[PDB]
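Note that these values count all heavy atoms, side chains included, but never hydrogens, waters or copies made by symmetry. Each chain gets a letter, A, B and so on, in the order the sequences are listed, and its residues count up from 1.
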Amino acid sequence: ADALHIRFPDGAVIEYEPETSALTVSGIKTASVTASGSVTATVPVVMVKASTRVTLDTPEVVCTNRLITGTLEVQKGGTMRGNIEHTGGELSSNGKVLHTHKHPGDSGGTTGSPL
Amino acid sequence: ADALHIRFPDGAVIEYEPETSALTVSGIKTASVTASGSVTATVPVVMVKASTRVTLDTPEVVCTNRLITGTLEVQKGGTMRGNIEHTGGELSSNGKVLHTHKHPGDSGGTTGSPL
Amino acid sequence: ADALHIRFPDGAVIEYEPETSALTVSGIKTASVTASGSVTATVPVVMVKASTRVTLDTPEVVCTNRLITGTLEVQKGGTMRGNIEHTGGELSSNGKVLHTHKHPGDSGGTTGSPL
Ligand SMILES: [Ca+2]
Ligand SMILES: [Cl-]
Ligand SMILES: [Fe+3]
Ligand code: NA
Ligand code: NA
Ligand code: NA
């Protein structure tokens, strides 16, 4: 056909509105999509507003350019290439702080912090 | 109308079940959505269970709060702010290990590792 | 029923093609899905091709295994565990470079860079 406009007894909406070219699904509890090949979305802007969590349960997540986050937790290691510029706190490894650490010196005293 | 309940000859299902408020798409090979503006999902929990890969092919991925990963690979650099606490292995740069590295000292010997 | 094949006056397509088991939504401007519980996608490959941005506006994004990115920006700190191997530039914290930094030594001179 030529239309999609559904109002359900639970208050859900599933429709397409060609005047504004808007596909709307609202008022549902769950959605799922199960496919054997691929799911693709091609659009300038993707917004996911998830008040609990977004889980990407996969061997690999690839971000092709920039990734921005508030906090980061890495569990099992990694690699980094390129200039990595840390500021605004301490970058420590096993308690040793990059910008402030000292060493025993070579003649019995202590070095200063990094120059 | 008021219902959406489709069973296809390939075994796929596309339906909405208002008793449980559940939208189900199953038994398909591929899905795609192509839009000129935006795609938005607003829901407490998003689960993506992808046995091969999730690719976010975009100039920028933004996580507004926490990001947790198993391993991390950064290809082209970055910035970090705030306290970054590494433990449980070596944090190295060009082979130099933050928590264990030593230097030639200022009078001919070698420093100890970081205090 | 047993079919889903819609052509709209704006040129949009919403259909399922059982010959190839392909669900297609195309030629739209916006889509949104609003749910009170969860949205789940289970499929080997997820592709998001977003010419402006992907935003995960959530307390927590979890990648269960590998995360790969071009650049990284961490705004508010974090933790890292496991071996983290940086190469191919400078890893600095508050201007102090892991692989090249020096210290005042313990007898009035300057240390060398890391061994
Ligand atoms: Ca000395
Ligand atoms: Cl010294
Ligand atoms: Fe040092
Ligand atoms: Na530490
Ligand atoms: Na290294
Ligand atoms: Na720095």
With a 4.5 angstrom heavy-atom cut-off, could you sort out which part of [X] is near chain A: side chain, backbone, both or neither?
X	result
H101(C)	side chain
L98(C)	both
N94(C)	both

Exercise. Identify which one of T69(A), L67(A), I68(A) satisfies the side-chain contact (heavy atoms from CB on, under 4.5 Å) criterion when paired with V74(C).
Key: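 Single pass found, and it is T69(A).
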So which part of [X] gets closer than 4.5 Å to some heavy atom of chain C, the side chain, the backbone, both or neither?
X	value
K49(A)	both
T79(A)	both
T42(A)	both
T87(A)	both
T110(A)	backbone
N65(A)	backbone
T58(A)	backbone
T52(A)	backbone

Quiz item: Which pair of heavy atoms, one from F8(C) and one from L4(A), lies closest together, and at what distance?
Solution: CE2-N, 3.8 Å
Exercise. Please name the pair of heavy atoms, one in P59(C) and one in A50(A), separated by the smallest distance, quoted to 0.1 Å.
Key: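 Of all heavy-atom pairs spanning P59(C) and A50(A), the closest is CD-O, 3.2 Å.
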Could you measure the distance from the [atom1] atom of [X] to the [atom2] atom of [Y]? Nearest 0.5 Å is fine.
X	Y	atom1	atom2	answer
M80(C)	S93(A)	CE	OG	8.0 Å
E73(A)	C63(C)	CD	SG	11.5 Å
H103(C)	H103(A)	NE2	NE2	3.0 Å
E90(C)	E85(A)	CD	CD	10.0 Å

Quiz item: Are any side-chain N or O atoms of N83(C) and backbone N or O atoms of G77(A), one a donor and one an acceptor, separated by less than 3.5 Å?
Solution: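 No.
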Self-check item: Under 3.5 Å donor-acceptor, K76(A) side chain and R81(C) backbone
Solution: no
Quiz item: Quick one: do the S107(C) and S107(A) side chains pair a donor with an acceptor below 3.5 Å?
Solution: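 Yes - a donor-acceptor pair under 3.5 Å links their side chains.
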Quiz item: Are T111(A) and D106(C) linked by a side-chain donor-acceptor pair shorter than 3.5 Å?
Solution: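 Absent: no donor and acceptor within the cut-off.
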Quick one: which of [options] has the most heavy-atom pairs under 4.5 Å with chain C, could you say?
options	value
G105(A), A35(A), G109(A)	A35(A)
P104(A), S36(A), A41(A)	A41(A)
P44(A), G108(A), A31(A)	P44(A)
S32(A), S51(A), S92(A), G37(A)	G37(A)
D2(A), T34(A), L91(A)	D2(A)

Quiz item: What residue in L56(C), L72(C), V39(C), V45(C) has the most heavy-atom pairs under 4.5 Å with chain A?
Solution: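 Ranked by contacts with chain A, first place is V45(C).
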Exercise. Could I get the full list of salt bridge (charged side-chain N to carboxylate O under 4.0 Å, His left out) partners for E60(C), not counting sequence neighbours?
Key: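 For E60(C), the residues satisfying salt bridge (charged side-chain N to carboxylate O under 4.0 Å, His left out) (neighbours in sequence not counted) are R53(A), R66(B).
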Practice problem: Output the residues of residues 20-28 of chain C for which the shortest heavy-atom distance to chain A is under 4.5 Å, in residue-number order; output 'none' if no such residue exists. | Solution: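 At a heavy-atom separation under 4.5 Å, chain A is reached by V25(C), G27(C), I28(C).
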